[PDB]
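> Protein chains in written order, with UniProt numbering: chain H, 1244 to 1342; chain L, 2 to 90; chain F, 94 to 167; chain X, 8 to 931, 1135 to 1376. I have a structure here, written as structure tokens, and I will follow up with some questions on it.
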Amino acid sequence: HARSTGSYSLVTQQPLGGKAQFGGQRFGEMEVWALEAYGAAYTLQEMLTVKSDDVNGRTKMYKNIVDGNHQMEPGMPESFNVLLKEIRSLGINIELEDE
Amino acid sequence: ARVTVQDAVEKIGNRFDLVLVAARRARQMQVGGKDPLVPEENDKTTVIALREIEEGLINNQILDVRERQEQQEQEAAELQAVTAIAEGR
Amino acid sequence: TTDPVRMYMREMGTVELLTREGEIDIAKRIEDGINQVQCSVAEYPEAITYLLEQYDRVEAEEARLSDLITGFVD
Amino acid sequence: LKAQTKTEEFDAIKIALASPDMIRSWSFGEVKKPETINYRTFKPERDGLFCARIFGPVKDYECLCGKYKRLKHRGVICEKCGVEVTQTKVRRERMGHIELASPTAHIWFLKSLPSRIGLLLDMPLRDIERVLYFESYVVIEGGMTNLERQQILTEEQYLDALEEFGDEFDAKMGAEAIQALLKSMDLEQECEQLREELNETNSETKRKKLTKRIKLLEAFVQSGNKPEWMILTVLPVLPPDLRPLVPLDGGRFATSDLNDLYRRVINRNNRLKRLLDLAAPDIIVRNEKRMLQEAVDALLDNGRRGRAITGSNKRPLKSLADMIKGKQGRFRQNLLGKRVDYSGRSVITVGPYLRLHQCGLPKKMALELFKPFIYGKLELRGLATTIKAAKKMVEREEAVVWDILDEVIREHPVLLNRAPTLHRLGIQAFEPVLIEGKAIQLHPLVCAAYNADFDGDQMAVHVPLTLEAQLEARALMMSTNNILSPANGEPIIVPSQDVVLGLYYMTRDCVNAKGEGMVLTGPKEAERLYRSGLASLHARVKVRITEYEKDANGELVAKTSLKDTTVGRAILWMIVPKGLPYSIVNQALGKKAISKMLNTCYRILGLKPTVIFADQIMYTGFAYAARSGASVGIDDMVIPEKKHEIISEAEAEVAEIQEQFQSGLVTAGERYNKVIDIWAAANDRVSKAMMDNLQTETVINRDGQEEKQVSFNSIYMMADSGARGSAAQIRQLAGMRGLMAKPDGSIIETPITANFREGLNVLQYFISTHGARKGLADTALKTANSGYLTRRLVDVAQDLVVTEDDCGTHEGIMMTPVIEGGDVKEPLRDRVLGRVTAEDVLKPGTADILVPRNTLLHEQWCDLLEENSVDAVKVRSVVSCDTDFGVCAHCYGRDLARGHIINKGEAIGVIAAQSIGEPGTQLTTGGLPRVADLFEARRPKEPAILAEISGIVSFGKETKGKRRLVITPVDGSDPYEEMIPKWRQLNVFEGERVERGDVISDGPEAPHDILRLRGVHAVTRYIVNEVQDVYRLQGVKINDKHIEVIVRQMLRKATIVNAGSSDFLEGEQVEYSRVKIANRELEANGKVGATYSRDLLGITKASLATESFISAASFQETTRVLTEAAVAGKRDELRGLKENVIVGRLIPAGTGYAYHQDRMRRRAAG
Ligand SMILES: [Mg+2]
Ligand SMILES: [Zn+2]
Ligand SMILES: [Zn+2]
């Protein structure tokens, strides 16, 4: 199986095969540690942000990949952005402070 | 290809700061602002920067120096353009 | 035991079932109570003059008969 | 300058209670109706759980009613039904609220194990619930009459108290009461009163609870939270798209369970509002209030009361607490673990032609993976008019696109991964090589690091998109840049099996072979002799060779001589680069020596020569192994001729001992051991018979009659070289195999007398089955056990990273050889290798500094120490490092995949945990559970006791269940008397002086003591030596470093004794504390500095305390963590690894360490 850009799950925006063009490989906790033992921060950021969970960063990346500019404008992963609303859905006020 | 980065790791000790410096330079080449400092074999910017590190003509000091110079090279051009903004008064 | 099903059944079970005579007692009490407020309403001059000013709007096509009285005795 | 008011880039995070007005800030409307969608037109009903007015447009940039459909119109709120036309994404963002008639308790603060409302009011839980259910009245602000402030009353009593006192007394019931209590509560005044009472009474029962409560109160005051906020006025509603109703095929609908819950909360709430304007009797509105309370509880966290069930489905509907919660905690980065684009996978194959730095990649996989790059590259050179035409081209697979792919593949590494990722070598970067076919080709030398067989294991590929990832992969994750295990400096790229059988067969010698005795000018004409068929691969021959020694100063010396060697070694010499001596290839080249060859090559010539060397060894190994024609036949396994006779003699012993049991000369138990013993000895006999015969029996002739050398028989060469097989497995093939064991753990006294070369009968196989099944079971279980251990390990360490350069302490541990009972179960050179000296070491004479103070000890320094007789070296360790919140690189060591000293910013904790965890599969008190017991500090079952203090001791009082031991120090005070149960046999001499930490009995001892009585260095030495015994007994090489970092994390916390700044008994960070008394030692108070006592916390216990709550919320119980943090208003600053991964930014280590540093200094500055 191989996938470049396929469909995405509705509940959480994540790679999911809808065409039988299979969703990408699942990057787990152990693989994160494997990246953590190496000094690779950007590989890890792109792994859990632009390549998967960021509904913005993914398209902003794709346009850069065809334009010839290798960069990432990561933003915040939609999983954590959803987790904020679930916490905030309770009586818990969770804010991002300072600047 | 570049099989081992060992020579670059000698030039800058950390080996993590190597990735950073080589990154910054690789974008200077990839986004077209500059050209290679050493013969390009069809090697992509990733490796061209590493060759530039191995030959010791590119690192964090040099880049910051080069960038710091370009600020005044551009500040010289716009000298009249921005001083014409005396309209602020 | 929490489980609010339990705290209701046990909370209501204290009230004793009404005897067939007791219902009429309470119902008689009801009659007294409302008629008191009815008579108390009957004793207000503005309550009358207001009803007058309202029926004058009914005959003037500024309202409808359904929005004021539900009918009299009969 | 002005700070900001819009989107910059946030640091930290804050958590606290939410005010009703604060909840109203988020709400863009009140949901007033249970309606969802219209039921025919599926549009949202206005003022309902799904509403376009409150939440957002159903479709992008289009009003619901349809009046404004144009993308130009944006900030317009439609005049018909107000909907601001904006992207539908905002329906995933905008929140809502619901205004509850009666107040309601928040289940999280009511039912959390230390009930927050309960201990905040100093009121029991059962009472609070009794008040919430309207089952009794509670007093509030009693004034001066008859009654306690928190006192609870019944029906008659409330009535009686009211007739007696009409006013100046107040009592309520239900939620309104608890809210009234919390609002009336003045925390500051309560604090003062509690401080006095703490001082007066001394009792453990009293002041434990006392100190716990005072901490909460003062924390809660500074927090900014006002108690009332634990009672919900306004209830937030989650955005609709996070709990969608979205349609499916066949016209059916599917929706999240929250709706069913949310719907309920509205209805009952609404009903209650109705019931207020109708003046319902008390018994009803109360029941309605209880029902509303129950419904809200089910919404927030279901399962703490009734576990309400969803519509038409038995399964309880999942609530918001269950959405966050799970296995384990937060799935947002728990296993497992989110789907990722630009990836793939398939079965993997060999590809021996590959260089170690590349890998075979299937054509189709590379096409679909690089699709955007191919698109971008196609129109950069102009082979495609536009991006669409480029898509059509690659979708048509026009022949021209293949060359463009060779360009984008060339310099662009790819990440390869296997299923059980353990250490960092589980992912390695390779250069793609376009390969026809659907299978992945993987360099043989790497197959060891992945533990990947070819029996159908699959591997996954990941594309490193951003430039930084390409340079990270190439300069960090690249295959050639990790040639050495991070666990120990030995190469993990060591040739595996076929290659080592080739080199073994290559440099070996038979007695007489073609070309024996002749002489050749050099390896070139040596190979020419062999390849032409004149000379045999193995024959004793003198040839002129030129070896090199760099023993000059940075300079390669050359010397030529006539070496006595074989033809194979001569040919092999062609590969050995430069300064290696010919001595290394002049031996038989087994798997052990062939590894140290690569190792020495790395430690001498550096990285680059070793890589190309390694490749060559593989290539030549495969080639020559193919020439050798090694095989395995049925006649390759030689059974001893004396086997049946040994069985018979061993068979006489059992019948001898049996006759002794029939006549009673020996007891039943003694018989079993006896018969079992004779059979065991027999097994050894057969093993050591076939081993001699198999090993040397090649008996051949050179010019004389006979001679005998090591056998050239195939299977022996396999086992001898180190390729595959071992004396145990060989013994099962030819000699008899073992004595199996019946399930209960006993061992059957009639062993398996046959082997695999012969047949096994019915019985022998059936008895063999248990060993197989227990093996598979044990391995499959010990696999799971190993993984769990690594989890606890990475949880307790993780954030530990090399931070400073040199902490500059002379402190360190004494490194000696392990010296167990015999000679050297492990040398000094291995224990001290790659570490740094604590202080300059002497020759036998002095004012001669061999190694000067703190210096990395490399191969030359270790050999110089070995030249001299030096038996002891003190070495800096990560446990004694003075740097707080990390380890200085100077104290760590050099160890890495590279030989240089550890870099600044490398994350050592992860690699430490991984290095310990990966081998745990091979382990088997004794075994892996023994290791787990060590890292958990657990006190043993029948422990010993150590002398509390030095000085003369004696026995005192009598038998009460403890016979007291009275210690008498010489100078110091006597008073220590320990209660020791006297029915445990003692050791300590009643009349002798015992030093503190002596043996007062026998049996294991708790490491808490060893830390306390013997000291920090003593306990860390004990752990490392004990845990290293377990692994080394199994043959696992793990450097002591990693174990030392785990230990440091165990002792992170300590408990203060004295005072003058903080509280007496508080357990607290020795980083924080030591940095506080070092700051206090000057300025401040002249010295008020407080004494602590280092503590030993088990790994699973020490990992519990973590400053960042987002990290704790992950692997711990989410509810408790969130609550316990939410009350204090705790502010998470990130700064760690786990938390930054959740939020999705750069890890504050490795490549990211530059960023965080640059950001950390910007903070708390101007
Ligand atoms: Mg397998
Ligand atoms: Zn409209
Ligand atoms: Zn240190």
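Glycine included, every Cβ here is placed at the ideal spot set by N, Cα and C.
1. Which term fits residue 130/X, buried or exposed, when burial requires 16 or more other beta carbons within 10 angstroms of its beta carbon?
2. Quick check for students: name the residue ranges of the alpha helix (DSSP H) that lie wholly in the segment 585-658 of chain X, counting only runs of 4 or more.
3. Could you list the residues in the segment 296-320 of chain X with a C-beta less than 7 Å from some C-beta on chain F, going in chain order?
4. If you check the beta carbons only, do residue 883/X and residue 861/X fall under 8 Å apart?
5. Verify the contact flag: residue 460/X, CB atom, against every heavy atom of ligand 1, threshold strictly below 7 Å.
6. Enumerated in chain order, which unbroken segments of the beta strand (DSSP E) with a length of 3 residues or greater are wholly contained in the segment 2-55 of chain L?
7. Regarding residue 890/X and ligand 3, is the C-beta to nearest heavy atom distance less than 7 Å?
8. Assuming residue 32/L contacts residue 1312/H under a Cβ cut-off of 8 Å, what Cβ separation, rounded to an integer in Å, is found between them?
9. Below 8 Å on C-beta distance, what does residue 183/X contact in chain F?
10. Extract the residue ranges of the beta strand (DSSP E) inside the segment 534-589 of chain X, only unbroken runs of 3 or more that lie entirely within it.
11. Following the continuous alpha helix (DSSP H) through residue 1366/X, name the residue where it begins and the one where it ends.
12. Report buried or exposed for residue 158/F, applying the criterion of at least 16 other Cβ atoms within 10 angstroms of its Cβ.
13. Measuring only between beta-carbons, confirm whether residue 68/X sits less than 8 Å from chain H.
14. Rounded to a whole number of angstroms, what is the C-alpha to C-alpha distance between residue 661/X and residue 699/X?
15. Can you tell me where the beta strand (DSSP E) with residue 1279/X in it begins and where it stops?
16. Please list, in chain order, the chain X residues whose beta carbon lies closer than 9 Å to that of residue 45/L.
17. Please determine whether the Cβ atom of residue 897/X lies at a distance below 7 Å from any heavy atom of ligand 3.
18. Should the segment 22-37 of chain L be called in touch with the segment 347-356 of chain X, which here means at least 3 C-beta pairs below 8 Å?
19. Take residue 1318/X as the anchor and find which of 452/X, 904/X, 802/X and 1196/X has the nearest alpha-carbon.
20. Exposed or buried, which one is residue 229/X when buried takes at least 16 other CB atoms within 10 Å?
21. Along the segment 95-107 of chain F, what residues have a CB closer than 7 Å to any CB found in chain X?
22. Using a C-beta to C-beta distance shorter than 7 Å, which residues of chain F count as neighbours of residue 290/X?
23. Going along chain L, which residues have a C-beta under 8 Å from residue 1312/H?
24. Is there a Cβ from chain X that is less than 8 Å from the Cβ of residue 66/L?
25. Grouping DSSP H, G and I as helix and E and B as strand, with all else coil, what is residue 36/X?
26. So with Cβ pairs under 8 Å, would you call residue 15/L a contact of chain X?
27. Counting only Cβ-Cβ distances shorter than 9 Å, please list the residues of the segment 123-150 of chain X near chain F, keeping chain order.
28. Do you know offhand how far residue 368/X's Cα is from residue 443/X's?
29. Does the beta-carbon distance from residue 800/X to residue 1166/X come in below 8 Å?
30. Could you pull the DSSP bridge partners for residue 1342/X from this structure?
31. Less than 8 Å between the C-beta atoms of residue 452/X and residue 493/X, yes or no?
32. Could you name the residues of the same chain whose beta carbon sits closer than 6 Å to that of residue 1319/H, not counting the 5 residues immediately before and after it, in chain order?
33. Figure out for me which residue from 1267/X, 1245/X, 1234/X and 480/X has the closest Cα to the Cα of residue 1258/X.
34. Is the Cβ-Cβ distance between residue 187/X and residue 159/X less than 8 Å?
35. CA-CA distance, residue 1459/X and residue 623/X?
36. Can we count residue 618/X as close to ligand 3, meaning its CB is less than 7 Å from some heavy atom?
Per the coordinate set shown:
1. buried
2. Here the runs fully enclosed are 598-612 and 614-635.
3. Residues of the segment 296-320 of chain X with a C-beta less than 7 Å from any C-beta of chain F: 297, 298, 301, 312 and 313, listed in chain order.
4. yes
5. yes
6. none
7. yes
8. 6 Å
9. Simply none; closest approach about 17 Å.
10. 547-556 and 564-573
11. 1363-1372
12. exposed
13. no
14. 27 Å
15. In the DSSP assignment, residue 1279/X falls within the unbroken beta strand (DSSP E) covering 1277-1279.
16. 414, 415, 417, 418, 419 and 477
17. yes
18. no
19. When only C-alpha atoms are compared, the closest one is 802/X.
20. Exposed is the call here.
21. 95, 96, 97, 100, 101, 104 and 105
22. 104 and 105
23. Per Cβ cutoff of 8 Å: 31 and 32.
24. no
25. strand
26. yes
27. 136, 140, 141 and 142
28. 8 Å
29. Contact flag unset, no.
30. 20/X
31. no
32. none
33. 1234/X
34. no
35. Nothing about residue 1459/X can be reported from this structure: the residues present for chain X run from 8 to 1376 only.
36. no
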